[PDB]
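Asker:
In the authors' numbering, the protein residues as written are 1 to 64.
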């Protein structure tokens with residue numbers, strides 16, 4: 001019932017420069033490769049889809 005993994009639409013994106021530094025800012029650059037028809041290797045992890053971007057999102061964000 002509603003298997004909606006898409007947590008980000010990516011309409012365009014303002015592409016901000018936050019003091020916090022969030023993967024949101026990086027995802028506007030990163031996903032732009034994925035939607036163009038290539039794969040971007042983020043932090044040595046080969047991201048091919050915005051689904052693969054969710055793994056490097058959570059793993060890098062949890063990496064204290």
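All C-beta atoms, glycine included, are put in the ideal place defined by N, C-alpha and C.
(1) Between which two residues does the beta strand (DSSP E) containing residue 15 stretch?
(2) Would you mind listing the beta strand (DSSP E) stretches within the region 19–49 that are 3+ residues and don't spill past its ends, in chain order?
(3) Measuring only the C-alpha atoms, how far is residue 50 from residue 31?
(4) Going by Cα to Cα distance, which pick from 48, 57, 60 and 25 is closest to residue 37?
(5) For residue 12, tell me which candidate among 19, 22, 4 and 35 has the shortest Cα-Cα distance.
Answerer: In short:
(1) In the DSSP assignment, residue 15 falls outside any beta strand (DSSP E), carrying neither H nor E.
(2) Within the region 19–49, the complete beta strand (DSSP E) runs of at least 3 residues are 40–42 and 45–47.
(3) 6 Å
(4) 48
(5) The residue from 19, 22, 4 and 35 with its alpha-carbon nearest to that of residue 12 is 35.
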